[PDB]
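Undergrad: Please see the structure below; I have some questions.
Just so it is clear, none of the values below were taken in a lab; they were calculated from the coordinates. FYI the Cβ positions are ideal-geometry reconstructions off the backbone, even for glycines, and counts take in every protein chain you see.
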Amino acid sequence: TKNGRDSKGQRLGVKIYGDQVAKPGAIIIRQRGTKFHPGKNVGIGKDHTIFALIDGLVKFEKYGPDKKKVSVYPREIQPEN
Amino acid sequence: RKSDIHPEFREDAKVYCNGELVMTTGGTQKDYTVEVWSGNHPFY
Amino acid sequence: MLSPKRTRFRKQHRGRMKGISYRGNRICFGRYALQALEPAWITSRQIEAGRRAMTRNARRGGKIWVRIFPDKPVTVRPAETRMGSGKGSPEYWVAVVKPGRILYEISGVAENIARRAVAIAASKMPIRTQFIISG
Amino acid sequence: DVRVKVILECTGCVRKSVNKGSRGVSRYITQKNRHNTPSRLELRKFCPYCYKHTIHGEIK
Amino acid sequence: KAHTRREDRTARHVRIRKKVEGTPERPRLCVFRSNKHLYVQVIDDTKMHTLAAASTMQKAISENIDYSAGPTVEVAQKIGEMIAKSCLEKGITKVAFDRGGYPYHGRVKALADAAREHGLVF
Amino acid sequence: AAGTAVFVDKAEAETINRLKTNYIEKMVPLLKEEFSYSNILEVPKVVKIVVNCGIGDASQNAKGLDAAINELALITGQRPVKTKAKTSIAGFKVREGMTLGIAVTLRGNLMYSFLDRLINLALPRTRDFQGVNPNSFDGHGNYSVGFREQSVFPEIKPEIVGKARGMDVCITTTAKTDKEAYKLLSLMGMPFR
RNA sequence: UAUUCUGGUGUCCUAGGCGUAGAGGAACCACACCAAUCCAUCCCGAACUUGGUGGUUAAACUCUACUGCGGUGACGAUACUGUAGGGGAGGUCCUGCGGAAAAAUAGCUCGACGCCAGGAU
RNA sequence: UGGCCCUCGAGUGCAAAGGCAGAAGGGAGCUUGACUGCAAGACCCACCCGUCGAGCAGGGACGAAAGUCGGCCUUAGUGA
Ligand SMILES: [Mg+2]
Ligand SMILES: [Mg+2]
Ligand SMILES: [Mg+2]
Ligand SMILES: [Mg+2]
Ligand SMILES: [Mg+2]
Ligand SMILES: [Mg+2]
Ligand SMILES: [Mg+2]
Ligand SMILES: [Mg+2]
Ligand SMILES: [Mg+2]
Ligand SMILES: [Mg+2]
Ligand SMILES: [Mg+2]
Ligand SMILES: [Mg+2]
Ligand SMILES: [Mg+2]
Ligand SMILES: [Mg+2]
Ligand SMILES: [Mg+2]
Ligand SMILES: [Mg+2]
Ligand SMILES: [Mg+2]
Ligand SMILES: [Mg+2]
Ligand SMILES: [Mg+2]
Ligand SMILES: [Mg+2]
Ligand SMILES: [Mg+2]
Ligand SMILES: [Mg+2]
Ligand SMILES: [Mg+2]
Ligand SMILES: [Mg+2]
Ligand SMILES: [Mg+2]
Ligand SMILES: [Mg+2]
Ligand SMILES: [Zn+2]
């Protein structure tokens, strides 16, 4: 009949990208369903928020064959130039 | 077979046909009185 | 008059017409054809009139395919209606054609009767067109 | 209406003001459907005072 | 949809294996039971390595106990003991039990109980 | 007028021997030879026989259900299962979980015994019998035959029966083709067409 | 130390899948058969369970092969576009410098790699 | 009720979207973590609100054990 109702954009989507740095607890992704699956060193939340357990670089992978998973690996920062 | 819930299956059932025939079958009764059966039937 | 039997939403985006139709390009049913040269919107009424004209002028000639169809709805607000309070009422239906698109196909006449017929058909169209022969 | 706020309460809690370290009467709160289940709800739940998982009944 | 016993049990093994994960400090104890043989393994999944493996196909239990057709509870107990000793001799105490798709019961259960009495922790 | 039930009446006989040992002694060499299979295990075996009663009106009155259950029991020596309807069905007045039919599965030895009591007892003691349809196979070598009423079996005592209640019987077999299943059934004494 | 084969067990991946044809029984894996005190079926020793037999590669799994299907997939060119302009009443067209598909065909594909036990050389 | 073929097209209290096949879908057994005390760090952000949470102690549930459990596949169901 008559329209005009809508909703504030929920702020979903990838918060940290590939090969960036993550603290522990830091949120990597806020998603509706699971568009990404938890990999290693990484916890999943009730709303399927994916968050880090470890300091380090976050990397996206092929869960296989189709889906995608995110995981965090520890890096080494020695090369101070 | 689970116990007490099944009707007792008596393994020995003697088939007594009125041609004084006696066979063995099995079923809950011990004997079966039969006037009409496979052998000695209208067809064949 | 051609038209879809059902849609969920009534009202629809004007859209935008760009480029060339690559797919409707070939002439795969008949022998002679009428090809769209320019990017336009064809009402079902126009297609009706074109087909009718070509059919009546061919007559003793056999076959006419219509390679298009008016599946996109179009909406209008009435006269003395102030702007606002909702999108208007769908009045008619258009087919979106882009240059290169084949409109009419025809078979069962000599090339002359076909040329004359297709010309009279093109007369009822909103667009510039072309006469083309099968390869 | 048919769905209700119900108060769960420790059965082994003595309101008299007890002599132990922490005195008080544990109550939880929760909702019940008073149509579906007319049974007065019983639930084992933790009591901060008794320190043990006690049994909490209901209140009228 | 696999109703072949084989594929079915495999399905179960994988399902179980979702939760139970071999780590350096908690190696996975993996039980395989076939018609004529009992085979057990110990795996650290990070390193992807088997630390210790005891089986009925080893001379120890062959010369100890013989059986006619199916492996007995006795057989199993013997194996649990062998792996308990073998693992306690490499410095492996704390482990997690992968029941490998077989219901925990019978010789599986007995295997577990044997390895518990002998100082392996799970 | 070809008689394979002169094999089933032939001499004073025993149960276990009849079914299970006519299978291993007689049936298997026969099938082995006439179809020429290149290993023994390719022989068609009787896997299971499920009997299914279809009565939806009995869901209205559960006493009818209990009665029919005990009847099927005394017939088959097995206390049945009461099958629930999965979906809400309007035209038949059924909602989910409602107990619709009654079903039993007979496996192993009881399958053979009940098969015997079928062919050699109740099938002749039926109403006007001709022969069972050769065309009731499903194409993969599993057979199905209906029983309009259960007065067929002697365990069912006809005067104590409240109402006539129907039964369905599905023989399931490792056979992949209907020829092999047919030879199996008829060799075992079944009355075809 | 090698190599080969069986069974277990994983990780990587282009996700190695179906089909047709072939191979495997000494060992190994499997079914087959038999009996039911631990346990087991809303009914059924079917499954799951304990204890025997000694049959068979039929099914299963396994190993080799093959483009029929399936899966994967370019180079080029075109569509589109970033920026600098130009034409058209407009719908929209065109140029220069930069990026660059989808589809389709040509090809590719009948996985890769590791540990353990057990034989064989 | 029996069986063969297609393999995710059903379902998930209720909209729609995104999820989810040996499952988040269907069943069974035992329950009350629909806990007390908290919390590194994050997201969202005018403010006010809102969301995620590793980890720690207490006292438990299930489980042989590893472990999981601070309501519910997620996002509405609210009021300083
Ligand atoms: Mg939104
Ligand atoms: Mg949680
Ligand atoms: Mg262009
Ligand atoms: Mg014109
Ligand atoms: Mg065995
Ligand atoms: Mg590839
Ligand atoms: Mg490849
Ligand atoms: Mg074979
Ligand atoms: Mg190909
Ligand atoms: Mg292809
Ligand atoms: Mg290119
Ligand atoms: Mg440009
Ligand atoms: Mg420009
Ligand atoms: Mg360019
Ligand atoms: Mg370039
Ligand atoms: Mg590309
Ligand atoms: Mg492509
Ligand atoms: Mg290979
Ligand atoms: Mg919905
Ligand atoms: Mg959906
Ligand atoms: Mg579930
Ligand atoms: Mg926690
Ligand atoms: Mg912890
Ligand atoms: Mg705790
Ligand atoms: Mg306990
Ligand atoms: Mg749930
Ligand atoms: Zn208290």
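Undergrad: Looking at (1) of a type in the set (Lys, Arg); (2) in contact (Cβ under 8 Å) with a residue 60 or more places away in the chain; (3) under 17 Å from E:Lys90 (Cβ atoms), which is the one condition that is false for E:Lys47?
TA: Here E:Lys47 meets the rest and fails (2).
A quick yes/no check of all residues on (1) surrounded by fewer than 15 Cβ atoms within 10 Å (Cβ to Cβ); (2) free of Cβ contacts under 8 Å to residues at least 24 places away in the same chain:
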{"site": "E:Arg5", "(1), (2)": "yes, yes"}
{"site": "E:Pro27", "(1), (2)": "no, no"}
{"site": "E:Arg33", "(1), (2)": "no, no"}
{"site": "E:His37", "(1), (2)": "yes, no"}
{"site": "E:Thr56", "(1), (2)": "no, yes"}
{"site": "E:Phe97", "(1), (2)": "no, no"}
{"site": "E:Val108", "(1), (2)": "no, no"}
{"site": "E:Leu111", "(1), (2)": "no, no"}
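Undergrad: If the Cβ limit is 8 Å and pairs must be 6+ apart or interchain, which residue in the range E:70-90 that is basic (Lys, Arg) pairs with which residue that is in a helix (DSSP H, G or I)?
TA: Close Cβ pairs (under 8 Å, with a partner that is in a helix (DSSP H, G or I)) amount to E:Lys78/E:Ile61; E:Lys78/E:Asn64; E:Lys78/E:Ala114.
Undergrad: Also, quick follow-up: Looking at the structure I just gave you, is C:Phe29 among the hydrophobic types (A, V, I, L, M, F, W, C) and within 16 Å of RNA strand H (Cβ to nearest atom)?
TA: The answer is no for C:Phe29.
Undergrad: Related question: Looking at C:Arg67, C:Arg10, can you tell me which residue is at negative phi, in contact (Cβ under 8 Å) with a residue 40 or more places away in the chain and touching a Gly at 6+ places or on another chain (Cβ under 7 Å)?
TA: C:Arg67
Undergrad: How many residues does the range B:1-34 hold that are in a strand (DSSP E or B), at the interface with chain F (Cβ under 8 Å from one of its Cβ atoms) and of a type in the set (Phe, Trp, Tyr)?
TA: Qualifying residue count for the region: 1.
Undergrad: Within the range F:1-23, restricting attention to residues that are outside any loop (DSSP other than H, G, I, E, B) and within 19 Å of the chain's Cα centre (by Cα), which residue is nearest to the other protein chains (Cβ to nearest Cβ)?
TA: That would be F:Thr15.
Undergrad: How many of the residues in the range C:45-64 are surrounded by 17 or more Cβ atoms within 10 Å (Cβ to Cβ) and within 15 Å of the chain's Cα centre (by Cα)?
TA: Adding up the residues that qualify gives 7.
Undergrad: Please work out if C:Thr81 is of a type in the set (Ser, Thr, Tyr), loosely packed, with under 12 Cβ neighbours inside 10 Å and more than 14 Å from chain A (Cβ to nearest Cβ).
TA: The answer is yes for C:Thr81.
Undergrad: Is the range F:133-145 home to any residue that is within 14 Å of chain B (Cβ to nearest Cβ) and in a loop (DSSP other than H, G, I, E, B)?
TA: no
Undergrad: Which residue out of F:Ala68, F:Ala58, F:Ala85 is buried (at least 17 other Cβ atoms within 10 Å of the Cβ) and touching a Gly at 6+ places or on another chain (Cβ under 6 Å)?
TA: Exactly one residue qualifies, and that residue is F:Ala58.
Undergrad: Out of everything in the range D:12-60 that is hydroxyl-bearing (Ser, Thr, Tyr) and over 23 Å from D:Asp1 (Cβ atoms), what residue ends up being farthest from ligand 1 (Cβ to nearest atom)?
TA: This residue is D:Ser17.
Undergrad: Return the residues of the range C:115-131 that are under 16 Å from C:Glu48 (Cβ atoms), more than 8 Å from ligand 4 (Cβ to nearest atom) and surrounded by fewer than 20 Cβ atoms within 10 Å (Cβ to Cβ); say none if nothing qualifies.
TA: C:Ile120
Undergrad: Please find, among E:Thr23, E:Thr93, the residue that is away from ligand 1 (no atom under 16 Å from the Cβ) and under 23 Å from A:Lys40 (Cβ atoms).
TA: Sole residue among the options that is away from ligand 1 (no atom under 16 Å from the Cβ) and under 23 Å from A:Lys40 (Cβ atoms): E:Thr23.
Undergrad: In the range F:33-84, what count of residues is obtained for those that are among the basic types (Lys, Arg) and within 14 Å of chain B (Cβ to nearest Cβ)?
TA: Total meeting the criteria: 2.
Undergrad: Filter the range A:8-30 down to residues that are part of a loop (DSSP other than H, G, I, E, B) and either among the β-branched types (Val, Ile, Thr) or more than 6 Å from RNA strand H (Cβ to nearest atom) (or both) and give me whichever is nearest to the other protein chains (Cβ to nearest Cβ).
TA: A:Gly9
Undergrad: So is F:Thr126 under 27 Å from F:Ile16 (Cβ atoms), assigned to a strand (DSSP E or B) and within 14 Å of another protein chain (Cβ to nearest Cβ) or not?
TA: No; evaluated as a whole, the condition is false for this residue.
Undergrad: Sticking with this one: State all residues of the range A:31-67 that are part of a strand (DSSP E or B), under 11 Å from the mean Cα position of the chain (by Cα) and in contact (Cβ under 8 Å) with a residue 12 or more places away in the chain; if no residue qualifies, say none.
TA: The answer is A:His37, A:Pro38, A:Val42, A:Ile50, A:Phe51, A:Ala52, A:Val58, A:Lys59, A:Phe60.
Undergrad: Give the residue that is nearest to D:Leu41 (Cα to Cα), with candidates limited to residues of the range D:13-26 that are within 13 Å of RNA strand H (Cβ to nearest atom) and touching a residue at least 24 places away in the same chain (Cβ under 8 Å).
TA: D:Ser26
Undergrad: Assess whether D:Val6 counts as being among the hydrophobic types (A, V, I, L, M, F, W, C), out of contact with any helix residue (DSSP H, G or I) (no Cβ under 6 Å at 6 or more places or on another chain) and surrounded by fewer than 12 Cβ atoms within 10 Å (Cβ to Cβ).
TA: No, not satisfied.
Undergrad: Could you identify the single residue in F:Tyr112, F:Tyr143 that is among the hydroxyl-bearing types (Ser, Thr, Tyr), under 13 Å from the mean Cα position of the chain (by Cα), within 22 Å of B:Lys14 (Cα to Cα) and surrounded by 13 or more Cβ atoms within 10 Å (Cβ to Cβ)?
TA: Just a single option satisfies the conditions, and that option is F:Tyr112.
Undergrad: Is it the case that some residue within the range F:116-125 is more than 13 Å from the chain's Cα centre (by Cα) and hydrophobic (A, V, I, L, M, F, W, C)?
TA: No - not one qualifying residue is present in the range F:116-125.
Undergrad: Here is a check on your reading of the model: is E:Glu81 surrounded by 13 or more Cβ atoms within 10 Å (Cβ to Cβ), acidic (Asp, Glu) and within 16 Å of ligand 5 (Cβ to nearest atom)?
TA: It is false that E:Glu81 is surrounded by 13 or more Cβ atoms within 10 Å (Cβ to Cβ), acidic (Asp, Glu) and within 16 Å of ligand 5 (Cβ to nearest atom).
Undergrad: Just name the residue that is farthest from ligand 5 (Cβ to nearest atom) out of those in the range C:101-114 that are surrounded by 14 or more Cβ atoms within 10 Å (Cβ to Cβ) and of a type outside the set (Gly, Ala, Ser).
TA: C:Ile113
Undergrad: What pairs come out if I take residues in the range C:115-126 that are touching a residue at least 24 places away in the same chain (Cβ under 8 Å) and pair them with residues that are small (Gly, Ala, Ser) and within 16 Å of RNA strand G (Cβ to nearest atom) whose C-beta lies under 8 Å away, six or more apart or interchain?
TA: Close Cβ pairs satisfying both conditions: C:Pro126/C:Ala40.
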